[PDB]
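Scroll down for the structure; my scribbles are underneath it.
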Amino acid sequence: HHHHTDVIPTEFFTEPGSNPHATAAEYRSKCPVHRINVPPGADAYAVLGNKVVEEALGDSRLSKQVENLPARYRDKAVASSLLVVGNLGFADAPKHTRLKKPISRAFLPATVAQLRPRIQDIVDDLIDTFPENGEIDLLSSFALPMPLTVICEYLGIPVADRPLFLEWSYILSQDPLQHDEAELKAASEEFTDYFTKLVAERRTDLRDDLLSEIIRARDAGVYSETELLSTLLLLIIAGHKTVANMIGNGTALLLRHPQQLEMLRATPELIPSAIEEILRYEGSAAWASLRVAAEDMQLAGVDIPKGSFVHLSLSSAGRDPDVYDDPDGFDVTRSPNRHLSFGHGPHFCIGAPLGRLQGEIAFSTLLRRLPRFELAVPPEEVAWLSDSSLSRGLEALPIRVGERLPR
Ligand code: HEM
Ligand SMILES: CS[C@H](Cc1c[nH]c2ccccc12)C(=O)O
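In this note's numbering, the protein residues as written are 228 to 634.
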């Protein structure tokens with residue numbers, strides 16, 4: 228027996244590949260917690276075991292506040308990214324409760340459930356734009372614009388400014404410690420200027436939306452200007468990137484498992500179950516967001532010094548054989564199917580009801596209206612996107628639409 232000091236390469240995070248699951252399993256079988264080179268040169272750990280991910284997700288010794296980063300990382304993150312500085316996503320107790328309170332009611336299940344008719348119209352309006360018996364990229368035609376439209380209408384942001392939101396979201400979702408600095412600063416400043424002007428307009432006649440609730444909190448001193456702007460940015464990013472990748476990953480997985488797609492066609496009621504299995508197997512967030520040791524700490528026997536990054540692999544947690552029978556089998560009937568793909572504890576996804584509802588309406592409507600859509604390319608041509616973001620998602624999903632039935 229000899230002690231081993233190997234550090235998981237950066238690429239395990241930034242450039243995983245088509246099947247990174249075997250690699251994660253090999254690391255996980257040896258230990259739940261490992262040194263990882265993310266960002267490059269940093270003291271950082273990856274957590275791969277389901278149960279230890281679950282503990283870490285809720286462990287208050289891990290801070291989400293950017294001021295708890297070592298100075299060289301803190302200074303770089305703050306100068307670049309409006310995302311990391313002032314929202315509930317990057318807040319510990321008690322700031323987390325203050326930053327969460329103005330928006331939490333808007334995301335309750337029974338409230339979100341009233342968006343069903345408008346979501347259905349958005350989905351139908353998008354499918355109406357498909358070329359019948361043509362070819363689409365499902366991401367650009369549907370998976371991106373559907374949830375962007377939903378969160379835009381729900382905030383009371385003009386749908387017309389779609390491509391600005393798509394670009395700002397993609398750039399500002401990237402890790403400011405790994406991604407081009409100039410790009411993120413420009414995105415931060417362009418987002419700031421747009422929303423400064425929109426808020427000033429919306430203030431002069433508050434409308435009864437979420438943006439009006441957010442403006443009210445700002446005007447009452449519950450949010451600073453930065454916290455209003457950072458909060459809007461999280462809601463926009465987390466609002467559409469995750470749902471986009473759920474529809475993209477999910478459609479690819481169903482086409483890769485055609486008998487289970489036929490099952491969903493025959494019995495549409497199974498679609499919520501299929502959504503949960505999509506989230507376990509290829510969850511839109513492969514990693515939980517920024518966490519740093521606030522103090523010297525031990526997690527599952529490994530000593531993590533103060534200031535170390537701790538990266539939680541939701542992807543690895545989804546395939547843990549301690550939790551799931553046949554973890555690498557995709558089975559839409561898996562039940563119950565408890566997973567960590569929406570996180571756990573105080574930062575549990577506020578969007579989960581809204582994401583689950585959009586998933587059900589999206590897949591129900593695609594399967595009903597396009598009775599036989601298929602891949603437009605050989606499956607080996609379907610590429611997973613590599614970037615510094617928390618995402619697990621496709622570059623593109625070429626689809627032959629086939630016949631298109633009316634809404
Ligand atoms: C399938 C869809 C989605 C997935 C897979 C997903 C995943 C997550 C995950 C893993 C976290 C926890 C991050 C952590 O602990 O570091 C989370 C938090 C959050 N997500 Fe979602 N998300 C979903 C859709 C949404 C939607 C539609 C919204 C709309 C605004 C949303 C807004 C939130 C926000 C605001 C947080 C931070 C909550 C907090 O820190 O207290 N998400 N999401
Ligand atoms: C949907 S995955 C991710 C965006 C995201 C989801 N939840 C978060 C909490 C904090 C910070 C960022 C995120 C992406 O980049 O695709």
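Yeah, the Cβ is synthetic: ideal placement off N, Cα and C, and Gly gets one too.
Applying the 10 Å Cβ sphere with the 16-neighbour rule, what's the burial state of residue i?
i, result
"residue 306", "exposed"
"residue 424", "exposed"
"residue 468", "buried"
"residue 525", "exposed"
"residue 523", "exposed"
"residue 341", "exposed"
"residue 276", "buried"
"residue 528", "exposed"
"residue 366", "buried"
"residue 242", "exposed"
"residue 448", "exposed"
"residue 230", "exposed"
"residue 386", "exposed"
"residue 287", "exposed"
"residue 632", "exposed"
"residue 556", "exposed"
Tell me the DSSP bridge mates of residue i?
i, result
"residue 536", "271, 519"
"residue 514", "540"
"residue 611", "621"
"residue 524", "531"
"residue 627", "362, 601"
"residue 235", "263"
According to DSSP, is residue i part of a helix, a strand, or is it coil?
i, result
"residue 467", "helix"
"residue 359", "coil"
"residue 585", "helix"
"residue 433", "coil"
"residue 529", "strand"
"residue 597", "coil"
"residue 302", "helix"
"residue 290", "strand"
"residue 339", "helix"
"residue 263", "strand"
"residue 402", "coil"
"residue 384", "coil"
"residue 191", "Since the first residue of the chain shown is 228 and the last is 634, residue 191 is not available in this structure."
"residue 372", "helix"
"residue 421", "helix"
"residue 310", "coil"
"residue 346", "helix"
"residue 575", "coil"
"residue 330", "coil"
"residue 567", "coil"
"residue 472", "helix"
Leaving aside the five residues before and after residue i along the sequence, list all residues of the same chain whose C-beta is less than 8 Å from its C-beta, in chain order.
i, result
"residue 628", "357, 358, 359, 360, 361, 362, 363, 597, 600"
"residue 336", "580"
"residue 285", "571, 572, 573"
"residue 534", "270, 295, 296, 297, 519, 520"
"residue 439", "383, 429, 433"
"residue 331", "577"
"residue 554", "545, 546, 547, 548"
Among the residues of its own chain, which have a CB less than 6 Å from the CB of residue i, if the five just before and after it don't count?
i, result
"residue 269", "536"
"residue 261", "235, 254, 273"
"residue 487", "559"
"residue 634", "351"
"residue 610", "622"
"residue 531", "272, 520, 524"
"residue 237", "264, 265, 267"
"residue 315", "323, 326, 327"
"residue 450", "444"
"residue 406", "615"
"residue 310", "399, 460"
"residue 412", "307"
"residue 512", "541, 617"
"residue 590", "498"
Could you pull out every residue in the same chain whose Cβ sits closer than 7 Å to the Cβ of residue i, ignoring the five residues on either side in sequence?
i, result
"residue 389", "372, 375"
"residue 312", "293, 305, 453, 457"
"residue 259", "274, 275, 276, 279, 527"
"residue 442", "426, 429, 430, 433"
"residue 587", "498, 499, 502"
"residue 422", "456, 459"
"residue 393", "371, 375"
Does any CB atom of chain B fall closer than 8 Å to the CB of residue i?
i, result
"residue 487", "In the structure shown, chain B cannot be found, because there is only a single protein chain."
For this session: Examine the Cβ distances between the segment 427-435 and the segment 564-572 and report whether three or more of them are shorter than 8 Å.
Result: no
Exercise. Is it true that the segment 473-483 meets the segment 503-510, where meeting means three or more beta-carbon pairs spaced less than 8 Å apart?
Worked result: yes
Exercise. Three or more beta-carbon pairs under 8 Å between the segment 284-291 and the segment 491-505, yes or no?
Worked result: no
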